[PDB]
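Chemist: One structure coming up, written as structure tokens, with questions to follow.
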Amino acid sequence: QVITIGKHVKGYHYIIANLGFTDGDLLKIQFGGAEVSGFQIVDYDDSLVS
Amino acid sequence: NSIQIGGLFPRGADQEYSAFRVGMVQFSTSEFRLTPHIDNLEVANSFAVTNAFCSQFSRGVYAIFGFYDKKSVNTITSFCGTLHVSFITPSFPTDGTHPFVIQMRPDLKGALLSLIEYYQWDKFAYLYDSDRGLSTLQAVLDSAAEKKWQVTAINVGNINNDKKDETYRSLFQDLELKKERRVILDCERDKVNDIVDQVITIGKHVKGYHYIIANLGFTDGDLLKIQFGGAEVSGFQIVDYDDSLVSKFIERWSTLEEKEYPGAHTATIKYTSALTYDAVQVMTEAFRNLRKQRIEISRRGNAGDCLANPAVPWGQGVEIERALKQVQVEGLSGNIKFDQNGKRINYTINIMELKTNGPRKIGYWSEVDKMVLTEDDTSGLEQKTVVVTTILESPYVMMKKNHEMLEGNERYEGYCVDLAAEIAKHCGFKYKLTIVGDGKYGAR
Amino acid sequence: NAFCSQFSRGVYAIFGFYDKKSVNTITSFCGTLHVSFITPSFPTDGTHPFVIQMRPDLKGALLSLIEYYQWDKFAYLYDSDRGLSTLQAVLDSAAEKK
């Protein structure tokens, strides 16, 4: 609904409050203009993870 | 009289071919009938055009119908002038005035150059694809040279699909080198549906941008995802849905079976499909008139070789074409008339601009009467000039010496005249300077 | 008819000129009938098989020459009858080179 009204442009900023910040669709607003930041409890670069 | 006709469809035009069959259901009359030699074949290979053309010549059909390619437009003109075979197309308009060539798509350029001037533009980009022809592209640069316009033209359709993600990101940054706000798009509806998604991907649908779609089915694509974007997108309709004859057909169209007619169990229709349905209305009227004229078309279907040297023509098809251009009926495109070349006249296209409710009409453009807006003042809020009362006083309110040539708030000068701007500067309103009647300051 | 004549002759190579109205014709047959054709006329656009051409391209030298003359603004008269690929090509660089 944000990208519907186009509020992903430069000047906006968004913060997601969970641990799987990378779980949802981040791709459609990857090139939006705003800045979206979050967290990981899980690092994918670990051996035991990989 | 079931008459040998010829029909060549590009593979995929099934809604049109359904709408062809609807007009075949609708406009087939009692006495004379049609022998549809349907050719659902590709349009790219002119050899494949050729063998299918010589097939119906070997069939000796009395009319050929269907679409054509820009690669095959010089092919079919090289034969319809040659073999004297009257062909009818709904596809894009031709350039050269060719005989035995009938076309159903009206021109767009006269309304469009009106619309730019109606929007009163000076500088804009212009994306386009070569595959539809370039006569519009050639035409606009002429007026742009005349109207000193600064036009950026970029062909886009030769980009492959396999990289059709980053080329655009490369592309619109190049438009942001000049930071463009005014874009005219002229491609396919699907190409529009390709590119509009990439715009909303990078979010260039916000306020400040403006887009113009160069087709007749401006309302065909997804307008919904950018209905609430911020930019302004405007276009045209050859087909007005509010007509009775239209709405009757909509009741017929939507009630069709999707399996019995693919792509027909829908609310609205392609305007291409409308010209298909309009053509048979003409095409029955054509064979209607030669029986009213009592003209026999009694010629064999054994027309010989198309490579007969020389292939002898037959002048009844001259008279067939002669009776075509006198046809004036009412269809989904409305009133239709021809020139001496089969090119359409006496047509009128409306202007449709996407709004919050959706698309809406503001005006038309007749074929000769230019862009006349049709006037619906739905602006329920309009910023009223407020009433500023005062009285003539040096140095507060003094008449300008040339108040006669001047007008309104300019005729009044003095100290307070400066101040009235400042509050209007600060409080943003509009106003009108008015004078007290009796010339008194005021007492009970 | 002249093409099908030499096909009826079954000649081993066809040679000569062509039109911009017939360029889509001959490509629609040399790809089809697999007949190697050679032209000296203007260069083609699509990479077509069985199509041999003798005229080299002009656009790479010409865009060099404008930059060699270091230009910014100019008129450009042209005729459609030779093709328009040069016209399409220059507007791309003109958009790039403002």
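In the structure tokens, chains take the letters A, B, ... in the order shown, each chain's residues start at 1, and ligands count up from 1 in the order shown.
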Assign secondary structure with DSSP using the backbone only, and return the residues of region 46-95 of chain C in alpha helix (DSSP H) as a compact mmCIF listing (two decimals) with C-alpha atoms, in the first residue's frame.
Modeler:
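Listing of part10.txt after writing:
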# COMPACT_ATOMS: atom_id res chain seq x y z
CA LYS C 59 27.64 5.96 -39.04
CA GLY C 60 30.77 5.20 -37.03
CA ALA C 61 32.92 7.58 -39.03
CA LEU C 62 30.19 10.20 -39.08
CA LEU C 63 29.63 10.35 -35.34
CA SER C 64 33.39 10.57 -35.03
CA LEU C 65 33.41 13.48 -37.47
CA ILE C 66 30.81 15.49 -35.58
CA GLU C 67 32.87 15.08 -32.44
CA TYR C 68 35.94 15.82 -34.52
CA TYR C 69 34.23 19.00 -35.57
CA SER C 85 18.65 3.94 -39.54
CA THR C 86 21.25 6.71 -39.66
CA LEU C 87 18.53 9.13 -38.60
CA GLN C 88 17.61 6.86 -35.73
CA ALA C 89 21.23 6.38 -34.74
CA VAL C 90 22.19 10.04 -34.57
CA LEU C 91 19.35 11.00 -32.27
CA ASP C 92 20.60 8.48 -29.75
CA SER C 93 24.00 10.13 -29.53
CA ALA C 94 22.31 13.53 -29.75
CA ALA C 95 20.35 12.63 -26.66
Chemist: Could you name the residues that touch residue 51 (chain C) at 7 Å or less, counting only C-alpha atoms, but leaving out those on the same chain fewer than 5 positions away, as a PyMOL selection string?
Modeler: chain C and resi 30+36-38
Chemist: Residues of the last selection are to be written out with N, CA, C and O atoms, as a PDB file, in the first residue's frame.
Modeler:
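What ended up in selection27.pdb:
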ATOM      1  N   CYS C  30      15.276 -15.128 -49.205  1.00  0.00           N
ATOM      2  CA  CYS C  30      16.617 -15.688 -49.091  1.00  0.00           C
ATOM      3  C   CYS C  30      16.774 -16.486 -47.811  1.00  0.00           C
ATOM      4  O   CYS C  30      17.491 -17.490 -47.795  1.00  0.00           O
ATOM      5  N   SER C  36      21.620 -17.618 -51.852  1.00  0.00           N
ATOM      6  CA  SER C  36      22.597 -16.609 -51.475  1.00  0.00           C
ATOM      7  C   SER C  36      22.535 -15.426 -52.435  1.00  0.00           C
ATOM      8  O   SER C  36      22.812 -15.564 -53.630  1.00  0.00           O
ATOM      9  N   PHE C  37      22.165 -14.258 -51.908  1.00  0.00           N
ATOM     10  CA  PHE C  37      22.049 -13.042 -52.695  1.00  0.00           C
ATOM     11  C   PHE C  37      23.143 -12.061 -52.304  1.00  0.00           C
ATOM     12  O   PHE C  37      23.522 -11.962 -51.135  1.00  0.00           O
ATOM     13  N   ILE C  38      23.630 -11.316 -53.291  1.00  0.00           N
ATOM     14  CA  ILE C  38      24.683 -10.336 -53.084  1.00  0.00           C
ATOM     15  C   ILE C  38      24.176  -8.993 -53.580  1.00  0.00           C
ATOM     16  O   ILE C  38      23.683  -8.892 -54.708  1.00  0.00           O
TER      17      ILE C  38
END
Chemist: Hey, can you check how far CA of residue 315 (chain B) sits from CA of residue 84 (chain B)?
Modeler: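 Between these atoms lies a distance of 7.6 Å.
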Chemist: Give the answer as one residue: which of B:295, B:202, B:275, B:398 has the shortest atom-to-atom distance to chain A, using only C-alpha atoms?
Modeler: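 Looking only at the distances to chain A, the closest residue turns out to be B:202.
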Chemist: What is the distance, in Å and to one decimal place, between CA of residue 6 (chain A) and CA of residue 231 (chain B)?
Modeler: 10.6 Å
Chemist: Can I get the residues of chain C within 9 Å of chain B, each with the closest pair of atoms and their distance in Å to one decimal, using only C-alpha atoms, sorted chain first then ascending number, as CSV?
Modeler:
residue,atom,partner,partner_atom,distance
C:1,CA,B:307,CA,6.1
C:4,CA,B:307,CA,8.6
C:21,CA,B:74,CA,5.7
C:22,CA,B:74,CA,7.8
C:23,CA,B:71,CA,8.9
C:24,CA,B:71,CA,5.9
C:25,CA,B:46,CA,6.4
C:27,CA,B:45,CA,8.9
C:28,CA,B:47,CA,5.6
C:29,CA,B:47,CA,6.5
C:32,CA,B:47,CA,7.7
C:88,CA,B:155,CA,7.9
C:91,CA,B:153,CA,7.0
C:92,CA,B:154,CA,6.6
C:94,CA,B:152,CA,8.7
C:95,CA,B:152,CA,6.4
C:96,CA,B:174,CA,8.1
Chemist: Pull out every residue of chain B that has at least one atom within 6 Å of chain A, counting only C-alpha atoms, and report them as JSON, numbers by chain.
Modeler: {"B": [202, 203, 228, 229]}
Chemist: Generate the output file for the selected residues, C-alpha atoms, as a CSV table (one decimal), in the first residue's frame.
Modeler:
chain,number,residue,atom,x,y,z
B,202,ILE,CA,11.3,3.3,-9.5
B,203,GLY,CA,8.3,5.4,-8.3
B,228,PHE,CA,-3.4,7.1,-7.0
B,229,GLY,CA,0.2,7.7,-7.9
Chemist: Rounded to one decimal, what separation in Å do you get between CA of residue 214 (chain B) and CA of residue 22 (chain B)?
Modeler: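 Separation between CA of residue 214 (chain B) and CA of residue 22 (chain B): 27.9 Å.
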Chemist: Which residues are near residue 21 (chain A)? Cut-off 9 Å, only C-alpha atoms, ignore same chain within fewer than 3 positions. Put them as a PyMOL selection string.
Modeler: chain A and resi 16-18+24+26+37-40
Chemist: Store the residues of this selection in a file with N, CA, C and O atoms, as a CSV table (one decimal), in the first residue's frame.
Modeler:
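The result, stored in part_8.csv:
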chain,number,residue,atom,x,y,z
A,16,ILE,N,11.9,-1.8,10.4
A,16,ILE,CA,11.0,-3.0,10.6
A,16,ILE,C,11.5,-3.6,11.9
A,16,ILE,O,12.7,-3.9,12.1
A,17,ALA,N,10.5,-3.8,12.8
A,17,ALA,CA,10.8,-4.4,14.1
A,17,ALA,C,10.5,-5.9,14.2
A,17,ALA,O,9.5,-6.3,14.7
A,18,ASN,N,11.5,-6.6,13.6
A,18,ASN,CA,11.5,-8.0,13.8
A,18,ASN,C,12.9,-8.5,13.6
A,18,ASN,O,13.9,-7.7,13.4
A,24,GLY,N,10.4,-10.7,4.2
A,24,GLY,CA,9.4,-10.3,3.3
A,24,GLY,C,10.0,-10.0,1.9
A,24,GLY,O,11.1,-10.2,1.6
A,26,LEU,N,11.5,-7.5,0.0
A,26,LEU,CA,12.2,-6.3,0.0
A,26,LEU,C,12.6,-5.8,-1.4
A,26,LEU,O,13.1,-4.7,-1.6
A,37,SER,N,15.7,-0.4,7.0
A,37,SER,CA,16.7,-1.0,7.8
A,37,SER,C,16.1,-1.9,8.8
A,37,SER,O,14.9,-1.7,9.3
A,38,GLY,N,16.8,-3.0,9.2
A,38,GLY,CA,16.4,-3.9,10.2
A,38,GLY,C,17.5,-4.8,10.8
A,38,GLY,O,18.6,-4.3,11.0
A,39,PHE,N,17.1,-6.0,11.1
A,39,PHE,CA,18.0,-6.8,12.0
A,39,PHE,C,18.1,-8.2,11.4
A,39,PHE,O,17.3,-8.7,10.6
A,40,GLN,N,19.1,-9.0,11.9
A,40,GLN,CA,19.1,-10.4,11.8
A,40,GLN,C,19.5,-11.1,13.1
A,40,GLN,O,20.6,-10.7,13.6
Chemist: I need the residues of chain C that end up classed as strand (DSSP E) by DSSP on the backbone, written out as a list in words.
Modeler: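 So, restricting chain C to strand (DSSP E), we get residues 14, 15, 37, 38, 39, 51, 52 and 53 of chain C.
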Chemist: Do you know which residues are at most 12 Å from region 10-21 of chain B counting only C-alpha atoms, after dropping those on the same chain fewer than 6 positions away, and could you put them as a PDB file with N, CA, C and O atoms, in the first residue's frame?
Modeler:
ATOM      1  N   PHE B  27     -24.210  -9.382 -38.504  1.00  0.00           N
ATOM      2  CA  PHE B  27     -24.462  -8.664 -39.737  1.00  0.00           C
ATOM      3  C   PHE B  27     -24.595  -9.551 -40.961  1.00  0.00           C
ATOM      4  O   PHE B  27     -24.734  -9.020 -42.065  1.00  0.00           O
ATOM      5  N   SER B  28     -24.552 -10.869 -40.811  1.00  0.00           N
ATOM      6  CA  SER B  28     -24.904 -11.726 -41.932  1.00  0.00           C
ATOM      7  C   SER B  28     -26.401 -11.639 -42.174  1.00  0.00           C
ATOM      8  O   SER B  28     -27.205 -11.885 -41.270  1.00  0.00           O
ATOM      9  N   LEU B  34     -21.567 -14.922 -46.629  1.00  0.00           N
ATOM     10  CA  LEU B  34     -20.126 -14.833 -46.751  1.00  0.00           C
ATOM     11  C   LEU B  34     -19.519 -16.221 -46.663  1.00  0.00           C
ATOM     12  O   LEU B  34     -20.075 -17.125 -46.037  1.00  0.00           O
ATOM     13  N   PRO B  36     -16.213 -17.351 -45.293  1.00  0.00           N
ATOM     14  CA  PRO B  36     -14.998 -16.910 -44.603  1.00  0.00           C
ATOM     15  C   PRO B  36     -13.879 -17.919 -44.776  1.00  0.00           C
ATOM     16  O   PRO B  36     -13.947 -19.040 -44.269  1.00  0.00           O
ATOM     17  N   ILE B  38     -10.788 -18.219 -43.403  1.00  0.00           N
ATOM     18  CA  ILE B  38     -10.025 -17.670 -42.289  1.00  0.00           C
ATOM     19  C   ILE B  38      -8.597 -18.184 -42.359  1.00  0.00           C
ATOM     20  O   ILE B  38      -8.364 -19.392 -42.482  1.00  0.00           O
ATOM     21  N   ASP B  39      -7.638 -17.272 -42.279  1.00  0.00           N
ATOM     22  CA  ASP B  39      -6.226 -17.625 -42.335  1.00  0.00           C
ATOM     23  C   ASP B  39      -5.551 -17.102 -41.074  1.00  0.00           C
ATOM     24  O   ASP B  39      -5.066 -15.968 -41.031  1.00  0.00           O
ATOM     25  N   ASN B  40      -5.526 -17.945 -40.049  1.00  0.00           N
ATOM     26  CA  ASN B  40      -4.872 -17.608 -38.792  1.00  0.00           C
ATOM     27  C   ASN B  40      -3.382 -17.890 -38.939  1.00  0.00           C
ATOM     28  O   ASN B  40      -2.877 -18.959 -38.605  1.00  0.00           O
ATOM     29  N   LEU B  41      -2.688 -16.918 -39.518  1.00  0.00           N
ATOM     30  CA  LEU B  41      -1.291 -17.081 -39.874  1.00  0.00           C
ATOM     31  C   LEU B  41      -0.491 -15.855 -39.464  1.00  0.00           C
ATOM     32  O   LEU B  41      -1.040 -14.777 -39.241  1.00  0.00           O
ATOM     33  N   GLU B  42       0.825 -16.030 -39.401  1.00  0.00           N
ATOM     34  CA  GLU B  42       1.704 -14.993 -38.887  1.00  0.00           C
ATOM     35  C   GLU B  42       1.838 -13.846 -39.877  1.00  0.00           C
ATOM     36  O   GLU B  42       1.541 -13.984 -41.066  1.00  0.00           O
ATOM     37  N   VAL B  43       2.289 -12.698 -39.366  1.00  0.00           N
ATOM     38  CA  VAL B  43       2.350 -11.482 -40.173  1.00  0.00           C
ATOM     39  C   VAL B  43       3.782 -11.082 -40.502  1.00  0.00           C
ATOM     40  O   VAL B  43       3.996 -10.175 -41.322  1.00  0.00           O
ATOM     41  N   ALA B  44       4.773 -11.743 -39.908  1.00  0.00           N
ATOM     42  CA  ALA B  44       6.157 -11.320 -40.079  1.00  0.00           C
ATOM     43  C   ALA B  44       6.686 -11.699 -41.455  1.00  0.00           C
ATOM     44  O   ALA B  44       7.153 -10.840 -42.211  1.00  0.00           O
ATOM     45  N   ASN B  45       6.626 -12.985 -41.795  1.00  0.00           N
ATOM     46  CA  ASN B  45       7.170 -13.462 -43.059  1.00  0.00           C
ATOM     47  C   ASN B  45       6.275 -13.020 -44.203  1.00  0.00           C
ATOM     48  O   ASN B  45       5.137 -13.485 -44.324  1.00  0.00           O
ATOM     49  N   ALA B  48       5.183 -15.867 -46.179  1.00  0.00           N
ATOM     50  CA  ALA B  48       3.984 -16.482 -45.636  1.00  0.00           C
ATOM     51  C   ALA B  48       2.760 -15.635 -45.929  1.00  0.00           C
ATOM     52  O   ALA B  48       1.661 -16.171 -46.104  1.00  0.00           O
ATOM     53  N   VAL B  49       2.941 -14.317 -45.989  1.00  0.00           N
ATOM     54  CA  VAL B  49       1.900 -13.440 -46.503  1.00  0.00           C
ATOM     55  C   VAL B  49       1.615 -13.766 -47.959  1.00  0.00           C
ATOM     56  O   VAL B  49       0.455 -13.830 -48.382  1.00  0.00           O
ATOM     57  N   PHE B  65      -9.521  -9.611 -46.181  1.00  0.00           N
ATOM     58  CA  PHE B  65      -9.632  -8.856 -44.949  1.00  0.00           C
ATOM     59  C   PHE B  65      -8.568  -9.339 -43.977  1.00  0.00           C
ATOM     60  O   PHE B  65      -8.123 -10.486 -44.042  1.00  0.00           O
ATOM     61  N   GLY B  66      -8.156  -8.454 -43.090  1.00  0.00           N
ATOM     62  CA  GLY B  66      -7.297  -8.837 -41.996  1.00  0.00           C
ATOM     63  C   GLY B  66      -6.299  -7.746 -41.685  1.00  0.00           C
ATOM     64  O   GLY B  66      -6.445  -6.603 -42.102  1.00  0.00           O
ATOM     65  N   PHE B  67      -5.271  -8.132 -40.944  1.00  0.00           N
ATOM     66  CA  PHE B  67      -4.273  -7.187 -40.483  1.00  0.00           C
ATOM     67  C   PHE B  67      -3.070  -7.207 -41.410  1.00  0.00           C
ATOM     68  O   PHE B  67      -3.023  -7.957 -42.385  1.00  0.00           O
ATOM     69  N   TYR B  68      -2.070  -6.390 -41.091  1.00  0.00           N
ATOM     70  CA  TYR B  68      -0.849  -6.387 -41.878  1.00  0.00           C
ATOM     71  C   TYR B  68       0.307  -5.882 -41.033  1.00  0.00           C
ATOM     72  O   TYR B  68       0.112  -5.255 -39.990  1.00  0.00           O
ATOM     73  N   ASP B  69       1.507  -6.137 -41.526  1.00  0.00           N
ATOM     74  CA  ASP B  69       2.742  -5.715 -40.896  1.00  0.00           C
ATOM     75  C   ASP B  69       3.279  -4.482 -41.607  1.00  0.00           C
ATOM     76  O   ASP B  69       3.001  -4.238 -42.782  1.00  0.00           O
ATOM     77  N   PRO B  90      -8.107  -3.331 -40.430  1.00  0.00           N
ATOM     78  CA  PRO B  90      -8.285  -2.506 -39.235  1.00  0.00           C
ATOM     79  C   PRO B  90      -6.991  -1.997 -38.628  1.00  0.00           C
ATOM     80  O   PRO B  90      -7.048  -1.287 -37.620  1.00  0.00           O
ATOM     81  N   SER B  91      -5.844  -2.309 -39.218  1.00  0.00           N
ATOM     82  CA  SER B  91      -4.562  -2.001 -38.601  1.00  0.00           C
ATOM     83  C   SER B  91      -4.211  -0.533 -38.830  1.00  0.00           C
ATOM     84  O   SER B  91      -5.048   0.270 -39.248  1.00  0.00           O
ATOM     85  N   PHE B 249     -24.147  -3.671 -26.979  1.00  0.00           N
ATOM     86  CA  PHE B 249     -23.152  -4.654 -27.359  1.00  0.00           C
ATOM     87  C   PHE B 249     -22.414  -5.174 -26.143  1.00  0.00           C
ATOM     88  O   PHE B 249     -22.058  -6.352 -26.101  1.00  0.00           O
ATOM     89  N   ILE B 250     -22.177  -4.306 -25.156  1.00  0.00           N
ATOM     90  CA  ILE B 250     -21.540  -4.706 -23.903  1.00  0.00           C
ATOM     91  C   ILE B 250     -22.365  -5.773 -23.206  1.00  0.00           C
ATOM     92  O   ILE B 250     -21.834  -6.774 -22.707  1.00  0.00           O
ATOM     93  N   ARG B 252     -24.306  -7.732 -24.848  1.00  0.00           N
ATOM     94  CA  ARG B 252     -24.096  -8.912 -25.666  1.00  0.00           C
ATOM     95  C   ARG B 252     -22.711  -9.496 -25.436  1.00  0.00           C
ATOM     96  O   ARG B 252     -22.567 -10.715 -25.310  1.00  0.00           O
ATOM     97  N   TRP B 253     -21.697  -8.629 -25.341  1.00  0.00           N
ATOM     98  CA  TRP B 253     -20.305  -9.070 -25.279  1.00  0.00           C
ATOM     99  C   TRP B 253     -20.012  -9.812 -23.990  1.00  0.00           C
ATOM    100  O   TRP B 253     -19.515 -10.943 -24.015  1.00  0.00           O
ATOM    101  N   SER B 254     -20.325  -9.187 -22.855  1.00  0.00           N
ATOM    102  CA  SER B 254     -20.009  -9.754 -21.552  1.00  0.00           C
ATOM    103  C   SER B 254     -20.762 -11.045 -21.297  1.00  0.00           C
ATOM    104  O   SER B 254     -20.247 -11.938 -20.622  1.00  0.00           O
ATOM    105  N   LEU B 256     -21.263 -13.319 -23.444  1.00  0.00           N
ATOM    106  CA  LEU B 256     -20.765 -14.423 -24.244  1.00  0.00           C
ATOM    107  C   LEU B 256     -20.020 -15.424 -23.378  1.00  0.00           C
ATOM    108  O   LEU B 256     -19.534 -15.105 -22.292  1.00  0.00           O
ATOM    109  N   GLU B 257     -19.952 -16.655 -23.869  1.00  0.00           N
ATOM    110  CA  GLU B 257     -19.151 -17.668 -23.207  1.00  0.00           C
ATOM    111  C   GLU B 257     -17.680 -17.453 -23.516  1.00  0.00           C
ATOM    112  O   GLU B 257     -17.296 -17.223 -24.667  1.00  0.00           O
ATOM    113  N   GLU B 258     -16.859 -17.524 -22.470  1.00  0.00           N
ATOM    114  CA  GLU B 258     -15.419 -17.405 -22.631  1.00  0.00           C
ATOM    115  C   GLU B 258     -14.842 -18.574 -23.416  1.00  0.00           C
ATOM    116  O   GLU B 258     -13.871 -18.406 -24.153  1.00  0.00           O
ATOM    117  N   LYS B 259     -15.425 -19.759 -23.284  1.00  0.00           N
ATOM    118  CA  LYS B 259     -14.917 -20.886 -24.051  1.00  0.00           C
ATOM    119  C   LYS B 259     -15.397 -20.840 -25.493  1.00  0.00           C
ATOM    120  O   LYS B 259     -14.629 -21.131 -26.416  1.00  0.00           O
ATOM    121  N   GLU B 260     -16.668 -20.487 -25.698  1.00  0.00           N
ATOM    122  CA  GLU B 260     -17.197 -20.361 -27.049  1.00  0.00           C
ATOM    123  C   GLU B 260     -16.558 -19.194 -27.780  1.00  0.00           C
ATOM    124  O   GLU B 260     -16.349 -19.256 -28.996  1.00  0.00           O
ATOM    125  N   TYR B 261     -16.208 -18.141 -27.054  1.00  0.00           N
ATOM    126  CA  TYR B 261     -15.490 -17.011 -27.631  1.00  0.00           C
ATOM    127  C   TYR B 261     -14.384 -16.605 -26.669  1.00  0.00           C
ATOM    128  O   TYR B 261     -14.663 -16.014 -25.612  1.00  0.00           O
ATOM    129  N   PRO B 262     -13.130 -16.928 -26.990  1.00  0.00           N
ATOM    130  CA  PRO B 262     -12.019 -16.614 -26.081  1.00  0.00           C
ATOM    131  C   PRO B 262     -11.770 -15.120 -25.987  1.00  0.00           C
ATOM    132  O   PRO B 262     -11.741 -14.411 -26.994  1.00  0.00           O
ATOM    133  N   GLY B 263     -11.599 -14.648 -24.756  1.00  0.00           N
ATOM    134  CA  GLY B 263     -11.412 -13.238 -24.520  1.00  0.00           C
ATOM    135  C   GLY B 263     -12.635 -12.391 -24.758  1.00  0.00           C
ATOM    136  O   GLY B 263     -12.496 -11.193 -25.020  1.00  0.00           O
ATOM    137  N   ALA B 264     -13.831 -12.971 -24.692  1.00  0.00           N
ATOM    138  CA  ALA B 264     -15.033 -12.193 -24.937  1.00  0.00           C
ATOM    139  C   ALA B 264     -15.912 -12.018 -23.715  1.00  0.00           C
ATOM    140  O   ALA B 264     -16.691 -11.062 -23.670  1.00  0.00           O
ATOM    141  N   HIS B 265     -15.784 -12.879 -22.707  1.00  0.00           N
ATOM    142  CA  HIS B 265     -16.619 -12.798 -21.510  1.00  0.00           C
ATOM    143  C   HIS B 265     -16.020 -11.763 -20.552  1.00  0.00           C
ATOM    144  O   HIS B 265     -15.614 -12.056 -19.427  1.00  0.00           O
ATOM    145  N   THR B 266     -15.949 -10.522 -21.036  1.00  0.00           N
ATOM    146  CA  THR B 266     -15.295  -9.429 -20.335  1.00  0.00           C
ATOM    147  C   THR B 266     -16.214  -8.222 -20.341  1.00  0.00           C
ATOM    148  O   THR B 266     -17.157  -8.139 -21.129  1.00  0.00           O
ATOM    149  N   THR B 268     -15.276  -4.730 -20.831  1.00  0.00           N
ATOM    150  CA  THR B 268     -14.956  -3.866 -21.950  1.00  0.00           C
ATOM    151  C   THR B 268     -14.254  -4.677 -23.034  1.00  0.00           C
ATOM    152  O   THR B 268     -14.125  -5.903 -22.940  1.00  0.00           O
ATOM    153  N   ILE B 269     -13.787  -3.983 -24.068  1.00  0.00           N
ATOM    154  CA  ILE B 269     -13.310  -4.636 -25.277  1.00  0.00           C
ATOM    155  C   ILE B 269     -12.092  -3.873 -25.780  1.00  0.00           C
ATOM    156  O   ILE B 269     -11.859  -2.723 -25.401  1.00  0.00           O
ATOM    157  N   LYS B 270     -11.283  -4.541 -26.594  1.00  0.00           N
ATOM    158  CA  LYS B 270     -10.270  -3.849 -27.372  1.00  0.00           C
ATOM    159  C   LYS B 270     -10.929  -3.016 -28.458  1.00  0.00           C
ATOM    160  O   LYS B 270     -11.916  -3.431 -29.071  1.00  0.00           O
ATOM    161  N   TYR B 271     -10.369  -1.831 -28.700  1.00  0.00           N
ATOM    162  CA  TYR B 271     -10.843  -0.991 -29.793  1.00  0.00           C
ATOM    163  C   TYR B 271     -10.498  -1.596 -31.140  1.00  0.00           C
ATOM    164  O   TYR B 271     -11.162  -1.302 -32.140  1.00  0.00           O
ATOM    165  N   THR B 272      -9.441  -2.402 -31.181  1.00  0.00           N
ATOM    166  CA  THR B 272      -9.137  -3.186 -32.367  1.00  0.00           C
ATOM    167  C   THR B 272     -10.265  -4.152 -32.679  1.00  0.00           C
ATOM    168  O   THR B 272     -10.670  -4.297 -33.838  1.00  0.00           O
ATOM    169  N   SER B 273     -10.797  -4.802 -31.645  1.00  0.00           N
ATOM    170  CA  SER B 273     -11.929  -5.700 -31.819  1.00  0.00           C
ATOM    171  C   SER B 273     -13.173  -4.946 -32.255  1.00  0.00           C
ATOM    172  O   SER B 273     -14.028  -5.512 -32.946  1.00  0.00           O
ATOM    173  N   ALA B 274     -13.283  -3.674 -31.872  1.00  0.00           N
ATOM    174  CA  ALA B 274     -14.429  -2.869 -32.270  1.00  0.00           C
ATOM    175  C   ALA B 274     -14.423  -2.607 -33.766  1.00  0.00           C
ATOM    176  O   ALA B 274     -15.468  -2.693 -34.420  1.00  0.00           O
ATOM    177  N   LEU B 275     -13.251  -2.302 -34.323  1.00  0.00           N
ATOM    178  CA  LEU B 275     -13.144  -2.103 -35.762  1.00  0.00           C
ATOM    179  C   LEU B 275     -13.388  -3.389 -36.523  1.00  0.00           C
ATOM    180  O   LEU B 275     -13.870  -3.350 -37.660  1.00  0.00           O
ATOM    181  N   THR B 276     -13.050  -4.523 -35.917  1.00  0.00           N
ATOM    182  CA  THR B 276     -13.369  -5.806 -36.518  1.00  0.00           C
ATOM    183  C   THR B 276     -14.874  -5.993 -36.610  1.00  0.00           C
ATOM    184  O   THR B 276     -15.402  -6.382 -37.658  1.00  0.00           O
ATOM    185  N   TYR B 277     -15.577  -5.675 -35.527  1.00  0.00           N
ATOM    186  CA  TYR B 277     -17.027  -5.770 -35.513  1.00  0.00           C
ATOM    187  C   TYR B 277     -17.665  -4.694 -36.376  1.00  0.00           C
ATOM    188  O   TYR B 277     -18.747  -4.908 -36.932  1.00  0.00           O
ATOM    189  N   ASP B 278     -17.018  -3.537 -36.504  1.00  0.00           N
ATOM    190  CA  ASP B 278     -17.572  -2.490 -37.351  1.00  0.00           C
ATOM    191  C   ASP B 278     -17.393  -2.802 -38.825  1.00  0.00           C
ATOM    192  O   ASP B 278     -18.164  -2.310 -39.655  1.00  0.00           O
ATOM    193  N   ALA B 279     -16.388  -3.606 -39.166  1.00  0.00           N
ATOM    194  CA  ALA B 279     -16.058  -3.833 -40.567  1.00  0.00           C
ATOM    195  C   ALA B 279     -17.114  -4.667 -41.273  1.00  0.00           C
ATOM    196  O   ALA B 279     -17.427  -4.409 -42.439  1.00  0.00           O
ATOM    197  N   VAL B 280     -17.674  -5.655 -40.577  1.00  0.00           N
ATOM    198  CA  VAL B 280     -18.663  -6.539 -41.179  1.00  0.00           C
ATOM    199  C   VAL B 280     -19.964  -5.785 -41.418  1.00  0.00           C
ATOM    200  O   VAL B 280     -20.683  -6.049 -42.392  1.00  0.00           O
ATOM    201  N   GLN B 281     -20.275  -4.829 -40.534  1.00  0.00           N
ATOM    202  CA  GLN B 281     -21.387  -3.908 -40.748  1.00  0.00           C
ATOM    203  C   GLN B 281     -21.234  -3.145 -42.053  1.00  0.00           C
ATOM    204  O   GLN B 281     -22.200  -2.981 -42.809  1.00  0.00           O
ATOM    205  N   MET B 283     -19.300  -4.380 -44.405  1.00  0.00           N
ATOM    206  CA  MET B 283     -19.059  -5.376 -45.435  1.00  0.00           C
ATOM    207  C   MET B 283     -20.354  -6.010 -45.917  1.00  0.00           C
ATOM    208  O   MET B 283     -20.455  -6.397 -47.086  1.00  0.00           O
TER     209      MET B 283
END
